[PDB]
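Heads up, the sequence shown is in the entry's author numbering, so the first residue is 22 and it goes up one at a time. Just so it is clear, CB atoms sit at the ideal spot from N, CA and C, and this is done for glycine as well. Take a look at the structure below.
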Amino acid sequence: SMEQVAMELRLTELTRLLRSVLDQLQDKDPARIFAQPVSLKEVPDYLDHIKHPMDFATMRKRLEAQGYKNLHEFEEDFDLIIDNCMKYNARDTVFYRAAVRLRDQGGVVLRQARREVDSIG
Numbered sequence: 022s023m024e025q026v027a028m029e030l031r032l033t034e035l036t037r038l039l040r041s042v043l044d045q046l047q048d049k050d051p052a053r054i055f056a057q058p059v060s061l062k063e064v065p066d067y068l069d070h071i072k073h074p075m076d077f078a079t080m081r082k083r084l085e086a087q088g089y090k091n092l093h094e095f096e097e098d099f100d101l102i103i104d105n106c107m108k109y110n111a112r113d114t115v116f117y118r119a120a121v122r123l124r125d126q127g128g129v130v131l132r133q134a135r136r137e138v139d140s141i142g
């Protein structure tokens with residue numbers, strides 16, 4: 022149908038905007054602490070601690086499958102990255118500190134993306 026096409030073009034355009042958002046958020050992690058999943062070879066007990074792991078590579082796979090239907094879903098996954106880290110790692114660690122800086126800096130980027138999504142429909 023013409024409606025299913027128009028909806029697909031809306032999803033494609035959301036995917037384009039989310040791809041730019043993801044690139045901007047990932048620049049706020051220059052150390053690449055959040056780039057890939059926590060290794061279960063190197064942290065074999067991780068899943069006993071963290072029930073829903075997340076990382077930027079896993080978000081990028083979901084994105085390119087047009088697996089995010091709205092910004093809320095995408096923010097959910099970003100928030101898991103931060104929140105998982107802040108639970109697993111102690112406050113006095115490079116990991117925790119990197120998450121706090123990512124959260125703080127990403128907030129700005131996400132604030133305007135929410136406006137661009139509401140604005141462009």
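- Taking every protein chain shown into account, the CB of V129 has fewer than 16 other CB atoms within 10 angstroms, so this residue is exposed.
- Ranked by Cα distance from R132, the options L61, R112 and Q45 are led by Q45.
- Contact annotation, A119 with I54: C-beta distance approximately 5 Å; criterion of less than 8 Å satisfied.
- Under the three-state reduction of DSSP output, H93 falls in the helix class.
- Rounded to whole angstroms, the gap between the alpha carbons of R124 and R40 is 18 Å.
- Ranked by Cα distance from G127, the options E63, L43, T33 and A86 are led by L43.
- The beta strand (DSSP E) runs lying completely inside the segment 80-127 and spanning 3 residues or more number zero.
- Spanning the alpha carbons of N110 and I141 requires a straight line of approximately 39 Å.
- Its chain contains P58 as the residues whose beta carbon lies nearer than 7 Å to that of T79, once the 5 sequence neighbours on both sides are disregarded; these appear in chain order.
- Between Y89 and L35, the C-beta spacing is below 8 Å.
- The Cβ atoms of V138 and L84 do not sit closer than 8 Å to each other.
- Around the CB of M75, 16 or more other CB atoms lie within 10 Å, so the residue is classed as buried.
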